[PDB]
Each structure stands twice: as C-alpha cells, then as structure tokens.
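Read the single chain below, which is given as structure tokens and is the form deposited without this ligand.
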C-alpha cells in the first residue's frame, strides 16, 4: 500500500477497502493500465467529427492530423483547452462569490456580510473605487460590480491582473499582447481558436494560452479577495490533520469541494445544532475538511483537515463519515457509489455539479441557514443509523499551524521591523539565511505515490534554507506529514532557515519558531503568494523574474493546476511540474514551454518526474536568480 500512498492513515484504509471489496481510485488506475500513449504525449485530437486523429510519436504514418494539423498544433491546442478549463473553474468560483457579495449588500442574503472592512477598503483602493465618505455596503457593491465586469470586454483590461502585478511586469506582458481583455472572453476565444480550422501556429497558440492563464490568475485573486471580505482574512491558527480527526461518537460532517460560500455557513450553523446532535446520541457535530473547501475553513476557523485529493474516498471507508457536503471541483464521483457501502450521506448543493445517486439540496445564498440545517439534519439522521456499527478510524493525526495569509505574514514580519516589514525577509535572503522561496501548489495524482514528490522535494529545499510556502493539496500533503508542526523545525530546516523562523516566531510571542512550511491557503489562494511575491519585487525595485522564487506543482492533476502552472511561468517564475503534461509528443512545444518562453516572460517550466532531480533543478533555478542579483549561493 505504500506504493499507492505514503500516508499511513490512507494505507490503513486501503487495507480496509480491500477487505470489504470496495474499489478505490488506485484500483481503477490499475484497471486502466497501460494508458494510451497518444493521449499521454498529447498526440490525439478529437476537435471535429473527422477524428479521432492521432500521431505516432515516432515511426511511420499517421504523421499529421486529417485536416493537416501538425503535432505541434495538436499539442498546443489541447494544452490551451486545459488552461481555459482551469480558468473556467476558478472563474466560476470567483463569480459565485461576487454574486454572493452583491446579494449580501443589496439586502438579499442576510446570512452573508462584510466581515473584513479593512480588506474591502484596500481592494476598493487598489481598484480606484472611492471610499472616503461612502458607506461600506456601497463600496462593496462597487467592488462586486467591478469583479463581475472583469469577466467581459470593457474600456479597461482585466483589473484583477493589471492592478495586482507590478507595473514593470504589466508592461512586459502588455508588450507581448498577453493582458486579458475579459475572463470569460479569453476562455471563449481559446475554445474558438483551438476549434477545427482556426489557429494553427504553435507560438501563436501558446501566447493565447499564456494570456488565458492570466485570466485564471485573475479568477484566483478575485476569489481570494471576495472570500476574505465575506468570511475574514486568515490569521495564524492551530488545528490538526488526517483521518484521526474523525470521532466515532460525533456526527462527522466533511465539507468537500472548493467554494466557502457553502462551507463557511455550515461551520457556523453546526455550532447552533450541537444540542440537536446530542439529542440524537452524538457528542456534537464534528465538521472536518476535505480538499480545498476544507482548506478554506481550516485557514479561517481552524477546522481540522480530514484528507485531500486522491485519498478522499478513504474518509468514507472508516465507516464514521456521516455526511459529505459537496459544492464543485476535485470531487471523485465514485463517492456517490462508495456511500452505498459506507453509509455516508453524500449531498450535492450546486445546480451545475450533481452526481448520480447523491442527494441534492438546492443551496441558495438567500436561504443559506435553512439549507444548512436541512443538510446537517440529514447528517444527524445518518449518525443515528450507525448506532453500534463498528468503525475503524486510524488513530493518526498531525499538528497543523496555518492561517498565513499574506497580511498575516507581513504582520508577523512587522514584529522585526515595524515600518518596513518586508525588509527582514529580504535581509535574510541577501545574507543567505533564506536561500529563496518555493511555493508548492496543486494536486495529488494517482500516478505518483501520494505525497512522495511534495515531501521529498520539500525536505531537500528546507535543508538548503529555502522558505517553503504551500497551498491546495500541496499544503495538504505537507500538513499530513508534519511539515506544518513547529516541533519539526529542528529536524527539517537548515540552520539559517531555522534561525529566521525562530526569530519571527519568538517575536510574535510564540516561544517557538514558525512551522517549517507556511500554509497560504486554497488553490485560489495561490493569489496570496502572488501578492507576497509582487510586494517583494516592488520593495526590491525589480520584476518577478529576478527574484529567487520558484513554484512546484509536484503531483499535478486538475486542469486548474495546469492553468496555475502556466500563469506562474507567465508572471516570471521557474515552475516545476512533477507529472508529465501532454506535451512531450511535440519537441517544438516542449522547447517553447521549458526554454524559449524565458525570453518572453522570464519564467519557464521545469518538467521533472524524479523528485530528487526536481529538487536539484529547483535549487539551481533559485541559485541562478541569486547570482543574477549578485548574491552568494
């Protein structure tokens, strides 16, 4: 089982699933091997009904698509569509929060409100919305309207790109025609240009892809901004992770998916219904997180994280998961089938994200609290049905310190320098105590033993004094293996990094260091890392492609992860991906994405499936940036 997952709680549940004859994601993977090499290399096209077309990576015919589409066109078009689909997911998330804020401040959804006025005003100021002498609800209405306006063409470009990056970077991107005109506009234009008989030049196609990836960045940043207004900007928090946070005697309710509009209300209402759960025989309601909705409520409320990503079915296999409340994205639809075996009540809530065999509850912002109670009562009913059923919850959990929004990091740093809080970080980059910064992002992937790349790479970087930040299931992987427990600083961190984490931690009244890895939140909260990196660039007077900052999507899976990787490259970062994207069938496209794009944006992809090799390559990328600044390394 350790070839499937390095998580020991997951290994225990894989044995239980095998005993009980419950098919898992890993079983369905094994049943799929060997996978189609045309698809794995990207040399397959189904963009019209003359297909499917494929191209042999090597050898004889077929060499070209039926319409004349070359390998480099086919690969570029497929990649572009994956970027657009990722952008659409982050677009939809942000759009649904923008409508939630608009409803809140127009008096249409009283369960929602402006919880962070400070953030609201700073966003309004960044966008040029006047605040002085205005009511909050009117400022927020203007912010929500500006968010919705970024989805379409208007007299300005996408402001959640142009107002969040340094002017020098916007200038570079503008010179190459890469600034998005509208978020959904770019998604549609990708789908158009990649349809049959349209764009057929790899470089032109890929520039469109870079531009659409910035539409994805805008959706991420908009999503974080609006979620923080509505639900609070995260601050440091301490909780736990892994399956051991389930409690046999409680109603265990997992929030799963991505959008907190739903999950954040569940958290509040669950506290109300504690007595009603005790009436049913439970100790209370135990809300736990799966995937990124779980990260959202972990970051804001300290809700413990149950599991992530590839191992999500394992929470159910314990027998103790009474409900799984879903919104959208990264939900294995197998959960609806597995629930028949495990007793779990799987509940969908979004009109455009239903699963055959799952109970659907039509959530509406206008009735959020009512819907939450309907949902939690189904969960209580399910708990009662397992009175006296044995469960097997692995007694495995880790301590997780998290909540490191960029505002939190700046505040923590300000304890070392009150009016120049970035300077202490830059000082230690310059003197070598911090070699650089690495953002771990993205998913787990059944092709990679779960968490293996994240932890292998992270260990090597931390020993080399790299400051490591993480989001999404990269944060999930690191938290479930102790990387967010400050007790592990001595073991994991080089001396210089330990010194820095210790100084900051002690200066914030903690008696101990910051954790080895800083949890910056969900996948949309990769935007928080952008905010931090752009602020560092501005403080140093350079563009992002001169900073010793890298990213690693070490076990990427979702189209969203491809979009995030592509905009990391586009804003100037060396960007590792630890799974093969479907590009290796075209050497010209691979060359553009791993080399020549350097001369456009300064970033570049690092495709490397061996994690020890990937870490050496990330260190070389960091150290090249150090040398470019004239620093020792």
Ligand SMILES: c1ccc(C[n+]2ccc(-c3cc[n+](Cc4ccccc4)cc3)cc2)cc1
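Residue numbers count along the first chain shown, from 1.
Look at the C-alpha B-factors of 559 to 567 and of 370 to 378. On average they run higher in 370 to 378.
Just going by the entry, 171 to 179 versus 438 to 446 on mean CA temperature factor gives the higher value to 171 to 179. Going by the entry's values, 156 shows the largest Cα B-factor out of 156, 241, 100, 471. Across 521, 219, 236, 128, the entry's maximum B-factor at the CA atom is seen for 128. Residue 576: CA B factor lies in the lowest third for its chain, per the PDB record. Sort the modelled residues of the chain by CA B factor and residue 225 lands in the lowest third. Annotation for residue 332: CA B-factor lies in the lowest third of the chain's modelled residues.
When all modelled residues of the chain are sorted by CA temperature factor, residue 151 is found within the lowest third. In the PDB entry, a CA B factor belonging to the lowest third of its chain's modelled residues is recorded for residue 47.
Omitted here: the form solved in complex with this ligand. The next part is about that form.
Interface residue remark: residue 609 is counted as part of the site for this ligand in the deposited complex, having a heavy atom within 4.5 Å. Within this chain, residue 565 is remote from the site of this ligand in the deposited complex, having no heavy atom within 4.5 Å. Within this chain, residue 40 lines the site of this ligand in the deposited complex, having a heavy atom no more than 4.5 Å away. Looking at residue 584, you'd find a heavy atom of it within 4.5 angstroms of this ligand in the deposited complex.
In the deposited complex, this ligand lies within 4.5 angstroms of a heavy atom of only one residue of 560 to 580, namely 580.
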